[PDB]
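# Structure assessment
Here is how the chains run, residue by residue.
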Amino acid sequence: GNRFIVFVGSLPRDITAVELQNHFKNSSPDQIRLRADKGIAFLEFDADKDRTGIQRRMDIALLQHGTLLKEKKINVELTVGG
C-alpha cells in the first residue's frame, strides 16, 4: 500500500550486505533482502514515513541505476506498478 520497492540487479557473486547498506544509506530503505541466486535484491521504502520525502528517497535510489559496485555495473528500476 503506502510503500514502493526498488528492483536492484546485476550484482556481483561476492556481494555483501555492508556494500548494500552503504549505497542506499542516504535513501534510507525500510527493507533489505539480497538474493544472489539472480544477483537481485528487494528494498521496500515506507511512503507513510514521509508524504513529501519518499520522492527524494526514490530519486536517490534510482540515481544508482548504472552505478558501479565491487567492479560490476548494476541496474535500478521500479517494481510495484508493473
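Residues numbered from 1 in each chain as written, not as in the entry; some residues may be left out. Heavy atoms only, no water.

- Regarding how it was determined, this PDB entry cites solution NMR in its header.

- The PDB entry lists the protein under the name Nucleolar protein 6, from Saccharomyces cerevisiae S288c.
- Per the PDB header, the entry is named "NMR-structure of the Nop6-RBD from S. cerevisiae".

## Looking at the pairing of strand β3 (residues 40-46)
- With 5 of 7 residues buried, β3 is to be regarded as a mostly interior element.
- Across 6 bridges, the pairing between strand β1 (residues 3-9) and β3 is antiparallel. Note that in β3 the partner of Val8 across the bridge is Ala41.
- For strand β2 (residues 33-35) and β3, the ladder comprises 3 bridges, and the chain directions are antiparallel. Directly across from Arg35, in β3, lies its bridge partner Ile40.
- Taken together, β2 and the strand that follows it, β3, pair antiparallel across an intervening segment of 4 residues, in which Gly39 is found at a positive phi of about 55°. (Buried < 20%, exposed > 50% of the residue type's maximum accessible area, 1.4 Å probe, protein only. Helix = DSSP H or I, 4+ residues; strand = E, 2+ residues; numbered from the N terminus. Pairing = 2+ DSSP bridges.)

## Here we look at the nonpolar core
- Of all hydrophobic cores here, the largest spans 16 residues; its most connected members are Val6, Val8, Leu11, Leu43, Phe45 and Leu69.
- Among the elements of the structure, β1, α1 (17-24), β3 and α2 (54-62) are those that each provide at least two residues to this core.
- The contact partners of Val8, leaving out residues within four places of it in the chain, are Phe24, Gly39, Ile40, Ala41, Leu43, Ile74, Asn75 and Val76. (Core = buried A, V, L, I, M, F, W, Y, C linked by side-chain atoms within 4.5 Å. Contact = heavy atoms within 4.5 Å.)

## Here's the deal with the pattern of salt bridges
- Considering all chains together, one arrives at 5 salt bridges under this definition.
- Between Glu44 and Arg3 there is a salt bridge whose closest N-O contact spans 3.3 Å. Highlighted residues: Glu44 in strand β3 and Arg3 in strand β1, separated in sequence by 41 residues.
- Note that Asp37 and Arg35 form a salt bridge whose closest N and O atoms lie 2.8 Å from each other. (Salt bridge = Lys/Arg side-chain N within 4 Å of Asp/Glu carboxyl O.)

## What about the environment of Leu20?
- Mapped onto the elements of the fold, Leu20 is located in helix α1.
- Overall, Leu20 belongs to the buried group, its relative accessible area being 7%.
- Separated by 12 residues in sequence, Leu20 and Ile32 place their C-alpha atoms 8.2 Å apart.
- In this structure, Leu20 is in contact with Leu11, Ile15, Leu34 and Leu69, ignoring residues within four places of it in sequence.

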